[PDB]
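In PDB author numbering, the protein residues as written are 21 to 146.
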């Protein structure tokens, strides 16, 4: 059965720690708790500042997405991607989405420019 809650304490500890460490004065707008098609629990957290954070059943972040006109905390941006943005002079664009999964990583900028990388942080030639 799906659940909507406003209680941060329903999240696994690693998920609460991630929010606490990376966001300024975070407060829950709402959290949806459901399952994927393999019967694994999923958490979709939306903060009052508009940011969405999706977590797996163990509390590992899968995606952080900022609201239009906002950007994600630089602290969540993986090192290799910070390095890439600096190497290509994109430090001042703002990152609006960071995603990770079995294929690697995706980073989106405020402009809509986006980049995918493999699990070792290498840009995927496509």
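For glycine and all other residues, C-beta sits at the position ideal for the given N, C-alpha and C.
Q) Which residue comes first and which comes last in the beta strand (DSSP E) that contains residue 120? A) For residue 120, the enclosing beta strand (DSSP E) begins and ends at 115-121.
Q. By DSSP, does residue 67 sit in helix, in strand, or in coil?
A. DSSP places residue 67 in the strand class (E or B) of the three-state scheme.
Q | Three or more C-beta pairs below 8 Å linking the region 58-69 and the region 104-111 | A | By the criterion of at least three beta-carbon pairs nearer than 8 Å, the region 58-69 is not in contact with the region 104-111.
**Q.** Closest Cα partner of residue 56 within the set 135, 76 and 115
**A.** Between residue 56 and the set 135, 76 and 115, the nearest pair of CA atoms involves 76.
Q: Check the Cβ-Cβ distances between residue 85 and every residue of chain D, and say whether any is below 9 Å.
A: Checking the listed chains, one finds no chain D in this structure; it contains a single protein chain.
Q: Let me know the secondary structure DSSP gives residue 86 once reduced to three states.
A: Of the three classes helix, strand and coil, the one that applies to residue 86 here is coil, per DSSP.
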